[PDB]
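Two forms, one protein chain; structure tokens for each follow separately as structure 1 and structure 2.
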Structure 1
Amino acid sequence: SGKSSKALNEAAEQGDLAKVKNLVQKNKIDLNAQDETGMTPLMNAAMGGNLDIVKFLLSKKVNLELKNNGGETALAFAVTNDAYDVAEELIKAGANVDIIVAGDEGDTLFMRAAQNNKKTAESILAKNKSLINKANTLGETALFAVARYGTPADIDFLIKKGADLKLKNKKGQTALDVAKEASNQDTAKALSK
């Protein structure tokens, strides 16, 4: 690849659209070139939650699927930094939704969205409905967190989207089992029906 630019990456993160545009108009920077930590302009724009910049960079046909050294794409940055407007735009542009977000548990993009933003969780499932049942590194899906700590309405949401109650985590437990362990009688009753 060609030259990367610290000034561009910083302007993208900080949200300075005029500066991004002035730097890109020179056609001297390879917009897909990765810096020393694997970061691109798009990852910086997404991490900083800068929709206008992200839209501009998408108009230049940047690669959506480059990963930084932590293994995250621009979409994972958007979701983990609560930039759900950016996440939506990236999903629309065809960004891969079947990815893992950074952290010890290896949660799926879907699991992180399901905890934080229902609309993005639905956008993800519209792309690949089987992600509802894709487990993290402990063998748990989104249903397990709700079984422990959530409410019967949350159980209903995930079951309506196809959550499979029979799935077992790496300890051999179902969502019903973890509800019972957590003394969550309401979710246990909802899972039992």
Structure 2
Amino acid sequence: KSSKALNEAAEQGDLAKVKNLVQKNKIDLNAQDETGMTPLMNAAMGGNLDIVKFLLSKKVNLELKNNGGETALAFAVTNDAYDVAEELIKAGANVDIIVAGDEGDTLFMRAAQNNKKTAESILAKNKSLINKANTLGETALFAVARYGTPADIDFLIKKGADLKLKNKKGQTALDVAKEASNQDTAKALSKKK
């Protein structure tokens, strides 16, 4: 059975409260609540690194998923808890996962738009994720083409991004840059060889 009190303390960043419930050890730390959450997911979503470290020391399962299909690592990345994300990746969390939303963005894609260090950590575990497409046929190059910078494009190219991919609408990354009125990435992508 899940503990509502433990899950709340874990999200809120109350480590003392977490230690006072977990060491009493009436709680299965892998038990999931009514929306599929675990303590670890709560700690990750709340960016609570000390609590994540404490739960990792109890050898909790890293790969359980909530109703949105997200593991703790997905919660961390998507809530910009990149210190937590680094901790989870070093602890062996699967990086080949999908974050919530209609697009089915890869974890890598989400990190690529936002935190270079974690994007690099993901690729260090699986080089091919650079070109793994989402449900709509788009890679990180497409996301950065719309909403990123020429430097972001260069980062992705430096990591092996394929320039010729088309999404499920038949669009290239250059096509989507133009469509999103990103003059700087469109100019840059037009010239890439």
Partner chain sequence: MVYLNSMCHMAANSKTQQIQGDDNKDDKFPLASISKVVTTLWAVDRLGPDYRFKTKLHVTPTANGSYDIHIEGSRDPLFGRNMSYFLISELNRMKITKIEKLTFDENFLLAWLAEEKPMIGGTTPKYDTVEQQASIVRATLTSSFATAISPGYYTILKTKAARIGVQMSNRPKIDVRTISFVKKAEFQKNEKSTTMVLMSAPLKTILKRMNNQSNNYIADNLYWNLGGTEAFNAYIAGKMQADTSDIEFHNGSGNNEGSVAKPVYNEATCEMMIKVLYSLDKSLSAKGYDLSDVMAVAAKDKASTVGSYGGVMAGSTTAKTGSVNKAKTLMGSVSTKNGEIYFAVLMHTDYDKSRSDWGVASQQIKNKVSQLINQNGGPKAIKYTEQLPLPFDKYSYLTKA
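The first residue in the sequence of structure 1 is number 1, and each one after it adds one. If you superpose the two forms and keep the largest set of C-alpha atoms that fall within 1.5 Å, you have the rigid core.
Structures 1 and 2, same chain in two forms; the form deposited with its partner chain bound is found in structure 2. In the core-superposed comparison between structure 1 and structure 2, residue 126 has its Cα shifted by less than 2 Å.
Remark: with the core as the superposition reference, the CA shift of residue 178 between structure 1 and structure 2 reaches 2 Å or more. Rigid-part rotation between structure 1 and structure 2: 18° for the smaller part relative to the larger (C-alpha based, whole degrees). Overlaying the rigid core between structure 1 and structure 2 leaves the Cα of residue 50 displaced by 0.3 angstrom. When the core is overlaid, the C-alpha of residue 25 ends up 1.2 Å from its other position between structure 1 and structure 2. Core-superposed comparison between structure 1 and structure 2: residue 152 shows a Cα shift of 3.3 Å.
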